[PDB]
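Trainee: The structure's right below; bear with me while I get my questions together.
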Amino acid sequence: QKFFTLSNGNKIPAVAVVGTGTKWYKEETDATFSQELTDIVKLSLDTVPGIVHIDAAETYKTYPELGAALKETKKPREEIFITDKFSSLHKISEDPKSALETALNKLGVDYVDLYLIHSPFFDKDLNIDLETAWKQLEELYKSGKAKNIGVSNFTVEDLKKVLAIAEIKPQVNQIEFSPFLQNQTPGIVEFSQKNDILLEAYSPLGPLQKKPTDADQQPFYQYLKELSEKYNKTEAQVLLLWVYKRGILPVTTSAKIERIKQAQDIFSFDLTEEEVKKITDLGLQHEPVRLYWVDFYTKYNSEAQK
Ligand code: NA
């Protein structure tokens with residue numbers, strides 16, 4: 001199992017292989033509880049080898065399901081890494097401190113391993129701004145309820161807002177990142193990496209989500225097939241490892257426990273310098289595909305593959 005070392009010297013597992021969100025929106029009412037979700041989370045915790053990195057979010061409304069799974073697995077706490085996210089775009093709690101207190105209670109745990117502000121755009125109805133929200137995260141860091149702190153979907157300019165007031169500099173920024181969307185907003189990857197802020201990438205498998213009908217003809221997809229056959233791994237595995245080779249943490253989820261195991265096991269094989277660069281270059285010659293924050297960030301499309 002491989003890890004990234006954040007700017008504070010702490011270890012985070014280099015892929016996140018279980019998500020705790022429903023394929024559909026849920027509020028939490030007992031009627032809406034998904035047994036199927038709690039089952040897959042627990043099965044994952046029980047059977048996936050090494051430290052299991054889970055990615056969650058207040059906005060999912062699935063803390064119950066995750067809590068039940070965390071209880072009923074015999075995977076010890078310290079072999080689990082929970083990432084959670086305060087909901088800033090659409091308010092569910094009063095502020096991060098209240099959100100996390102609620103979350104700990106529902107989950108029946110004492111701390112999360114990483115805590116993110118999910119959106120740089122704050123709901124009007126919040127009595128907190130970004131600056132004040134960050135300071136709350138810094139207290140949660142100091143009280144040990146959040147072992148690591150960061151952000152999500154932040155531009156360079158939004159990072160600069162945080163950097164200007166931060167006591168504790170953000171350790172992570174989780175973005176949309178695939179070979180077909182290589183800068184969610186202008187310059188984000190270059191800037192983050194230059195500043196020792198670890199990028200996580202959600203929707204890394206965008207290319208396999210929207211696979212065209214004449215893909216047998218497109219060099220990008222031909223190449224991915226060629227690597228799959230060389231290494232005897234899935235195309236998905238190759239992309240997830242590509243992300244890791246670009247110095248970034250792929251964030252993935254499946255309904256299928258075998259795909260979840262395969263995502264953990266991307267460090268069973270390796271890619272060469274040449275192979276990494278070729279996936280990048282075939283990627284960059286593809287028009288940008290943006291699957292999230294289309295409302296907000298379409299204006300940045302012209303610079304997303306630049
Ligand atoms: Na999102």
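Going by the structure tokens order, chains are called A, B, ..., each with residues numbered from 1, while ligands are numbered from 1 in the order shown.
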Within 9 Å of ligand 1, counting only C-alpha atoms and all ligand atoms, which protein or nucleic acid residues do you find, written as a list in words?
Mentor: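 Taking only C-alpha atoms and all ligand atoms into account, the residues around ligand 1 at most 9 Å away are residues 118, 119, 152, 153, 175, 176, 202, 292 and 293 of chain A.
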Trainee: Just write the chosen residues, C-alpha atoms, as a compact mmCIF listing (two decimals), in the first residue's frame.
Mentor:
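Wrote it out as selection_4.txt, contents follow:
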# COMPACT_ATOMS: atom_id res chain seq x y z
CA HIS A 118 -16.55 21.35 0.24
CA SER A 119 -17.13 24.60 -1.72
CA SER A 152 -12.45 21.16 -2.33
CA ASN A 153 -13.21 22.80 -5.70
CA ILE A 175 -10.96 18.65 -7.47
CA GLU A 176 -12.34 17.13 -10.66
CA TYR A 202 -12.74 12.94 -8.09
CA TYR A 292 -19.18 18.52 -12.27
CA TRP A 293 -19.66 22.19 -11.40
Trainee: Residues near residue A:174, anyone? I mean within 6 Å using only C-alpha atoms, not counting same-chain ones fewer than 3 positions away, as a PyMOL selection string.
Mentor: chain A and resi 152+199-201
Trainee: Any idea what's packed within 9 Å of residue A:21, counting only C-alpha atoms, ignoring anything in its chain fewer than 6 positions away? Could you give it as a list in words?
Mentor: residues 37, 55, 56, 57, 59, 60, 61 and 62 of chain A
Trainee: Just want the 8 Å neighbourhood of stretch 244-255 of chain A, counted on only C-alpha atoms, with same-chain residues fewer than 4 positions away dropped. Output as a PDB file with N, CA and C atoms, in the first residue's frame.
Mentor:
ATOM      1  N   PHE A   4       0.669   9.134   0.293  1.00  0.00           N
ATOM      2  CA  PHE A   4       1.247  10.457   0.149  1.00  0.00           C
ATOM      3  C   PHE A   4       1.598  10.993   1.531  1.00  0.00           C
ATOM      4  N   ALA A  14      -2.926   6.419  -0.788  1.00  0.00           N
ATOM      5  CA  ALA A  14      -2.702   7.108  -2.039  1.00  0.00           C
ATOM      6  C   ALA A  14      -3.907   6.968  -2.975  1.00  0.00           C
ATOM      7  N   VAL A  15      -4.894   6.112  -2.613  1.00  0.00           N
ATOM      8  CA  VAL A  15      -6.165   6.051  -3.323  1.00  0.00           C
ATOM      9  C   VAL A  15      -7.304   5.928  -2.300  1.00  0.00           C
ATOM     10  N   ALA A  16      -8.441   6.524  -2.629  1.00  0.00           N
ATOM     11  CA  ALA A  16      -9.652   6.395  -1.828  1.00  0.00           C
ATOM     12  C   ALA A  16     -10.701   5.559  -2.588  1.00  0.00           C
ATOM     13  N   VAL A  17     -11.047   4.373  -2.052  1.00  0.00           N
ATOM     14  CA  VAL A  17     -11.671   3.324  -2.860  1.00  0.00           C
ATOM     15  C   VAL A  17     -13.126   3.080  -2.437  1.00  0.00           C
ATOM     16  N   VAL A  18     -13.543   3.577  -1.283  1.00  0.00           N
ATOM     17  CA  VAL A  18     -14.963   3.503  -0.913  1.00  0.00           C
ATOM     18  C   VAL A  18     -15.532   4.917  -0.800  1.00  0.00           C
ATOM     19  N   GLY A  19     -16.623   5.154  -1.531  1.00  0.00           N
ATOM     20  CA  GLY A  19     -17.496   6.289  -1.281  1.00  0.00           C
ATOM     21  C   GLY A  19     -18.736   5.870  -0.498  1.00  0.00           C
ATOM     22  N   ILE A  40     -22.182  -2.653   1.425  1.00  0.00           N
ATOM     23  CA  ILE A  40     -20.979  -2.538   0.592  1.00  0.00           C
ATOM     24  C   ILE A  40     -19.857  -1.864   1.381  1.00  0.00           C
ATOM     25  N   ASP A  55     -14.184   8.125   1.422  1.00  0.00           N
ATOM     26  CA  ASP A  55     -14.482   9.521   1.152  1.00  0.00           C
ATOM     27  C   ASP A  55     -15.984   9.769   1.368  1.00  0.00           C
ATOM     28  N   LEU A 198      -1.669  18.852  -1.532  1.00  0.00           N
ATOM     29  CA  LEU A 198      -1.996  17.627  -2.245  1.00  0.00           C
ATOM     30  C   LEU A 198      -3.357  17.755  -2.932  1.00  0.00           C
ATOM     31  N   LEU A 199      -3.373  17.455  -4.241  1.00  0.00           N
ATOM     32  CA  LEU A 199      -4.616  17.359  -4.991  1.00  0.00           C
ATOM     33  C   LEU A 199      -5.187  15.942  -4.847  1.00  0.00           C
ATOM     34  N   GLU A 200      -6.458  15.871  -4.505  1.00  0.00           N
ATOM     35  CA  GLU A 200      -7.228  14.693  -4.751  1.00  0.00           C
ATOM     36  C   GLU A 200      -8.038  14.916  -6.021  1.00  0.00           C
ATOM     37  N   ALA A 201      -8.305  13.850  -6.729  1.00  0.00           N
ATOM     38  CA  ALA A 201      -9.041  13.930  -7.987  1.00  0.00           C
ATOM     39  C   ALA A 201     -10.291  13.061  -7.900  1.00  0.00           C
ATOM     40  N   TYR A 202     -11.482  13.687  -8.003  1.00  0.00           N
ATOM     41  CA  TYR A 202     -12.737  12.942  -8.091  1.00  0.00           C
ATOM     42  C   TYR A 202     -13.191  12.911  -9.563  1.00  0.00           C
ATOM     43  N   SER A 203     -13.960  11.884  -9.925  1.00  0.00           N
ATOM     44  CA  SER A 203     -14.276  11.585 -11.335  1.00  0.00           C
ATOM     45  C   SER A 203     -12.989  11.357 -12.154  1.00  0.00           C
ATOM     46  N   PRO A 204     -12.021  10.536 -11.695  1.00  0.00           N
ATOM     47  CA  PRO A 204     -10.832  10.264 -12.495  1.00  0.00           C
ATOM     48  C   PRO A 204     -11.117   9.386 -13.724  1.00  0.00           C
ATOM     49  N   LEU A 240      -6.347   5.155 -12.703  1.00  0.00           N
ATOM     50  CA  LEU A 240      -6.138   5.469 -11.300  1.00  0.00           C
ATOM     51  C   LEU A 240      -4.631   5.535 -11.000  1.00  0.00           C
ATOM     52  N   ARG A 259     -14.176  -4.384  -7.924  1.00  0.00           N
ATOM     53  CA  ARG A 259     -13.609  -3.137  -8.422  1.00  0.00           C
ATOM     54  C   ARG A 259     -12.972  -2.333  -7.269  1.00  0.00           C
ATOM     55  N   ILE A 260     -13.591  -2.380  -6.095  1.00  0.00           N
ATOM     56  CA  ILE A 260     -13.061  -1.700  -4.916  1.00  0.00           C
ATOM     57  C   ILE A 260     -11.690  -2.315  -4.539  1.00  0.00           C
ATOM     58  N   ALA A 263      -9.075  -1.206  -7.056  1.00  0.00           N
ATOM     59  CA  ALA A 263      -8.663   0.179  -6.867  1.00  0.00           C
ATOM     60  C   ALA A 263      -7.598   0.265  -5.766  1.00  0.00           C
ATOM     61  N   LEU A 271       3.774   2.286 -13.827  1.00  0.00           N
ATOM     62  CA  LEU A 271       3.860   2.825 -15.179  1.00  0.00           C
ATOM     63  C   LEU A 271       5.226   3.497 -15.371  1.00  0.00           C
ATOM     64  N   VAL A 276       3.305   7.471 -18.555  1.00  0.00           N
ATOM     65  CA  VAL A 276       2.628   8.533 -17.852  1.00  0.00           C
ATOM     66  C   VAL A 276       2.453   9.713 -18.808  1.00  0.00           C
TER      67      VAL A 276
END
Trainee: Please report, as a compact mmCIF listing (two decimals) with N, CA, C and O atoms, in the first residue's frame, each residue of stretch 45-148 of chain A to which DSSP assigns strand (DSSP E) when run on this structure's backbone.
Mentor:
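The resulting file, out_7.txt, is reproduced below:
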# COMPACT_ATOMS: atom_id res chain seq x y z
N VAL A 52 -7.98 1.33 4.79
CA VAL A 52 -9.01 1.65 3.81
C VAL A 52 -9.38 3.14 3.91
O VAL A 52 -9.85 3.61 4.95
N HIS A 53 -9.24 3.85 2.77
CA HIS A 53 -9.50 5.30 2.67
C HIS A 53 -10.92 5.51 2.14
O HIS A 53 -11.20 5.20 0.98
N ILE A 54 -11.78 6.09 3.00
CA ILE A 54 -13.19 6.32 2.70
C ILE A 54 -13.39 7.80 2.43
O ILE A 54 -12.88 8.63 3.16
N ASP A 55 -14.18 8.13 1.42
CA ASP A 55 -14.48 9.52 1.15
C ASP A 55 -15.98 9.77 1.37
O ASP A 55 -16.83 9.19 0.68
N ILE A 80 -8.54 2.58 9.24
CA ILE A 80 -9.51 3.28 8.40
C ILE A 80 -9.12 4.75 8.35
O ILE A 80 -8.82 5.34 9.38
N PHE A 81 -9.22 5.36 7.15
CA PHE A 81 -9.01 6.78 7.00
C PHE A 81 -10.29 7.37 6.45
O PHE A 81 -10.70 7.00 5.35
N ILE A 82 -10.98 8.18 7.28
CA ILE A 82 -12.25 8.80 6.90
C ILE A 82 -11.97 10.23 6.47
O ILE A 82 -11.45 11.02 7.26
N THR A 83 -12.38 10.56 5.23
CA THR A 83 -12.44 11.93 4.77
C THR A 83 -13.88 12.40 4.80
O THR A 83 -14.75 11.75 4.24
N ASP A 84 -14.10 13.56 5.41
CA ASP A 84 -15.42 14.15 5.47
C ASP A 84 -15.33 15.62 5.04
O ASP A 84 -14.23 16.19 4.94
N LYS A 85 -16.50 16.20 4.72
CA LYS A 85 -16.58 17.50 4.08
C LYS A 85 -17.79 18.27 4.65
O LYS A 85 -18.89 17.73 4.73
N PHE A 86 -17.52 19.48 5.17
CA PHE A 86 -18.58 20.41 5.55
C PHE A 86 -19.21 21.00 4.31
O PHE A 86 -18.51 21.47 3.43
N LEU A 114 -9.51 13.39 7.68
CA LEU A 114 -9.36 14.58 6.86
C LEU A 114 -10.70 15.29 6.77
O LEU A 114 -11.74 14.64 6.67
N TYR A 115 -10.67 16.63 6.94
CA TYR A 115 -11.87 17.45 6.92
C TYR A 115 -11.70 18.60 5.94
O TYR A 115 -10.76 19.39 6.05
N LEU A 116 -12.67 18.74 5.01
CA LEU A 116 -12.57 19.69 3.91
C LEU A 116 -13.78 20.63 3.94
O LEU A 116 -14.91 20.21 4.24
N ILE A 117 -13.54 21.89 3.59
CA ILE A 117 -14.60 22.77 3.13
C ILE A 117 -14.91 22.43 1.68
O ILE A 117 -14.02 22.37 0.83
Trainee: Please report the interatomic distance between atom CA of residue A:163 and atom CA of residue A:306 in Å with one decimal.
Mentor: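 Taking atom CA of residue A:163 as the start and atom CA of residue A:306 as the end point, the length is 25.1 Å.
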Trainee: Given only C-alpha atoms as the basis, pick out the residue of A:135, A:146, A:304, A:79 nearest to residue A:164.
Mentor: A:135
Trainee: What lies within 8 Å of residue A:305 using only C-alpha atoms, ignoring chain neighbours under 3 positions off, as a VMD selection string?
Mentor: chain A and resid 180 to 183 284 to 288 301 to 302
Trainee: Using DSSP on the backbone coordinates, identify the residues of stretch 25-64 of chain A assigned to alpha helix (DSSP H); present them as a list in words.
Mentor: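 Output for stretch 25-64 of chain A, alpha helix (DSSP H) only: residues 35, 36, 37, 38, 39, 40, 41, 42, 43, 44, 45, 46, 47, 63 and 64 of chain A.
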Trainee: Give me the residues within 10 Å of residue A:104 as a ChimeraX atom specification, counting only C-alpha atoms and dropping any in the same chain fewer than 6 places off.
Mentor: /A:63,67,98,110-112,145
Trainee: May I have the residues from that selection written out with N, CA, C and O atoms, as a compact mmCIF listing (two decimals), in the first residue's frame?
Mentor:
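Below is the file that was written, again07.txt:
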# COMPACT_ATOMS: atom_id res chain seq x y z
N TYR A 63 -24.56 9.54 6.74
CA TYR A 63 -23.78 9.27 7.97
C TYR A 63 -24.37 8.05 8.72
O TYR A 63 -23.62 7.25 9.28
N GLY A 67 -22.19 4.88 9.71
CA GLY A 67 -22.07 4.61 11.13
C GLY A 67 -22.37 3.15 11.46
O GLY A 67 -21.67 2.53 12.27
N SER A 98 -20.16 22.50 14.30
CA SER A 98 -21.44 21.87 14.58
C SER A 98 -21.65 20.68 13.65
O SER A 98 -22.26 19.70 14.05
N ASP A 110 -14.71 9.18 16.96
CA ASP A 110 -14.14 10.19 17.86
C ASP A 110 -13.51 11.33 17.06
O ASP A 110 -13.24 12.41 17.61
N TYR A 111 -13.19 11.05 15.78
CA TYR A 111 -12.41 11.96 14.94
C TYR A 111 -12.54 11.51 13.48
O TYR A 111 -12.73 10.34 13.20
N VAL A 112 -12.36 12.45 12.54
CA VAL A 112 -12.13 12.07 11.15
C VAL A 112 -10.68 12.37 10.81
O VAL A 112 -10.05 13.20 11.44
N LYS A 145 -9.92 16.58 16.49
CA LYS A 145 -11.15 16.00 15.98
C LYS A 145 -11.04 15.86 14.46
O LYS A 145 -11.70 15.02 13.88
Trainee: For residue A:189, which residue among A:137, A:99, A:130, A:243 is the nearest when counting only C-alpha atoms?
Mentor: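 Selected residue with least distance to residue A:189: A:243.
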Trainee: Near residue A:210, within 10 Å and counting only C-alpha atoms, which residues show up once chain neighbours fewer than 5 positions away are dropped, as number ranges by chain?
Mentor: A: 205, 289, 291
Trainee: Please, what distance in Å, to one decimal, runs between atom CA of residue A:138 and atom CA of residue A:186?
Mentor: 27.2 Å
Trainee: Rank A:49, A:178, A:75, A:155 by their smallest atom-to-atom distance to residue A:264, using only C-alpha atoms, and report the top residue only.
Mentor: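 Ranking A:49, A:178, A:75, A:155 by distance to residue A:264, first place goes to A:49.
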